[PDB]
Amino acid sequence: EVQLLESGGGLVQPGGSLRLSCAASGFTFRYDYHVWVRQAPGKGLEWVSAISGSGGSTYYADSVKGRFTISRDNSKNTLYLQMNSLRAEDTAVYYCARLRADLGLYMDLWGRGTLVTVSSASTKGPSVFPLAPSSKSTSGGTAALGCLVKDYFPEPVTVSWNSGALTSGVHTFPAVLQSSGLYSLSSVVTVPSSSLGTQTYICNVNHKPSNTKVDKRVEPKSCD
Amino acid sequence: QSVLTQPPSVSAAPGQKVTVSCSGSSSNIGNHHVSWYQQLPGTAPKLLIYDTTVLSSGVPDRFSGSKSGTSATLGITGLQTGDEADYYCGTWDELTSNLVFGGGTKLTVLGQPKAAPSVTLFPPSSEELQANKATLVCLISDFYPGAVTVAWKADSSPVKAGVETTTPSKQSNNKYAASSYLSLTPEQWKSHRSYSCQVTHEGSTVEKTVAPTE
Ligand SMILES: [Cl-]
């Protein structure tokens, strides 16, 4: 397989700096132009920067001239975006892409993208609460259990169940953004009601920006 | 970039033809090859079409790329529900020496069947009450189309105070999901007989209720 492995987003203060990496396997990376493209949430794609295979030649959108620097280490098949003097407007998902030319230009190979949040507000890790299936909703076919992942900043969080072994039945909801400027989301899983007396349901909550790596057991309600 | 114009949205029914126009100028689309990019919700763009008319590996004949002077057109014949997505045109601009993009176009597939929401409503957890806080969680899934209104009740009196509701979002199966959270004090939760989350969709209501008796 041929791929672009992106790393290095997160929260930074206005004026601050961030470094995006993008490592390459499967192709001789050092001959192909690459670029960085970004997308503010709700909004569309904005090309930002590009670099020749060797590094000899580098191009920049006016929105970033003087502030961002594309570079590459061809001995480590790695591409970078050094982002300096960041502003709130730079808040976006940033992709790297390979730039090929056949009759025209096209970006064929893309990284997964990393969120870059530029804010004066602090990193806050979430509180994690178990959402236990009601006494009623169990005596019957199936049970919905969940984890409330409350009051975090910035996005994103991943939620797993049972260390990733339980994927079937899982709906992780997109986060709400409170008047407080903090995010809450919930992840739910439907399971056979009959499995509740014999099976352990652990949600695994990762919020990389706060270094929160939490495990929470969700067990059925008995009250009344 | 949006030095290229696309329409915000286009709507056909299954099996029909739909086109997405992308108009620029002589320095961009005029004298350079156009690419088309598909974006599924919250994933990286995918190259559909390059050199104006060529399909990437594993893109079907149902997609085509056309170019007439300063406009380019994406064609989708035998439209499937699996084609719902954002479509972006791209090219080089020999004036600005920039790669440029259109503002993107949202493809909707008409006559998909209406679907009432599933509502799960959780009461505050033991642990959250023990931290002197209370969150009612109302999760809303598998509804079509994606427009709901949510009201809350404390003993069937409405409560606007404390409510935060997501805007609807596209699940992988083309149906929508939303979340609504109501923040309370433990004494508000314990004082009332019940709290209700009522979701309204195409005029018809699905309601859920939790009580402190537990
Ligand atoms: Cl060069």
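Residue numbers (the entry's author numbering), protein chains in the order written: chain HHH, 1 to 52, 52A, 53 to 82, 82A to 82C, 83 to 100, 100A to 100C, 101 to 217; chain LLL, 2 to 27, 27A to 27B, 28 to 95, 95A to 95B, 96 to 211.
In this text, a Cβ means the ideal position worked out from N, Cα and C, and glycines have one as well.
Here the distance from the Cβ of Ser53 of chain HHH to the nearest heavy atom of ligand 1 is below 7 Å.
Rounded to whole angstroms, the separation of the alpha carbons of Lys66 of chain LLL and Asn197 of chain HHH is 50 Å. Counting only runs of 3 or more residues that sit fully inside the segment 102-158 of chain LLL, the beta strand (DSSP E) segments are 102-106, 115-119, 131-140 and 146-151, in chain order. Here the C-alpha atom of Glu83 of chain LLL lies approximately 24 Å from the C-alpha atom of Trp47 of chain HHH.
Contact residues of the segment 176-210 of chain HHH toward chain LLL are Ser177, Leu178, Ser179 and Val181 (C-beta to C-beta distance below 8 Å). In the displayed model, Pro202 of chain HHH falls within a helix according to three-state DSSP. By the Cβ neighbour-count rule, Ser127 of chain HHH is buried, with 16 or more other Cβ atoms within 10 Å of its own. The continuous alpha helix (DSSP H) containing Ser188 of chain LLL extends over residues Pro183 to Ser188. Excluding residues up to 5 positions away in sequence, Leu133, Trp149, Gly159 and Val160 lie with their Cβ nearer than 6 Å to the Cβ of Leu179 of chain LLL in the same chain.
Collapsing the DSSP output to three states places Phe166 of chain HHH in coil. Going by DSSP, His31 of chain LLL is part of no beta strand (DSSP E) at all; its letter is neither H nor E. When HHH:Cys22, HHH:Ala136, HHH:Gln13 and HHH:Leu100A are compared, the shortest CA-CA separation from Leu5 of chain HHH is found for HHH:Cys22. The alpha-carbon of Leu107 of chain LLL is positioned some 18 Å away from that of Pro40 of chain LLL. With 16 or more other Cβ atoms inside 10 Å of its own Cβ, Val33 of chain LLL counts as buried. Residues of chain HHH with a Cβ closer than 7 Å to the Cβ of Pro44 of chain LLL are, in chain order, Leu45 and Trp103. Taking non-hydrogen atoms of ligand 1 into account, the C-beta of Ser56 of chain HHH is found less than 7 Å away from one of them. Ranked by Cα distance from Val35 of chain HHH, the options HHH:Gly42, HHH:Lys43 and HHH:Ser52 are led by HHH:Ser52. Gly15 of chain HHH and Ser215 of chain HHH have their C-alpha atoms roughly 53 Å apart. Linking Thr76 of chain LLL to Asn170 of chain LLL through their CA atoms gives a straight-line distance of about 21 Å.
Put simply, the backbone Cα of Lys167 of chain LLL is about 43 Å away from that of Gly55 of chain HHH. The C-alpha of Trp186 of chain LLL is placed about 13 Å away from the C-alpha of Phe119 of chain LLL. Residues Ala148 and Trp149 of the same chain have their beta carbon placed closer than 8 Å to that of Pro155 of chain LLL, with the five preceding and five following residues left out of the count.
Per DSSP, reduced to three states, the secondary structure at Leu189 of chain HHH is helical. With 16 or more other Cβ atoms inside 10 Å of its own Cβ, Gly9 of chain HHH counts as buried.
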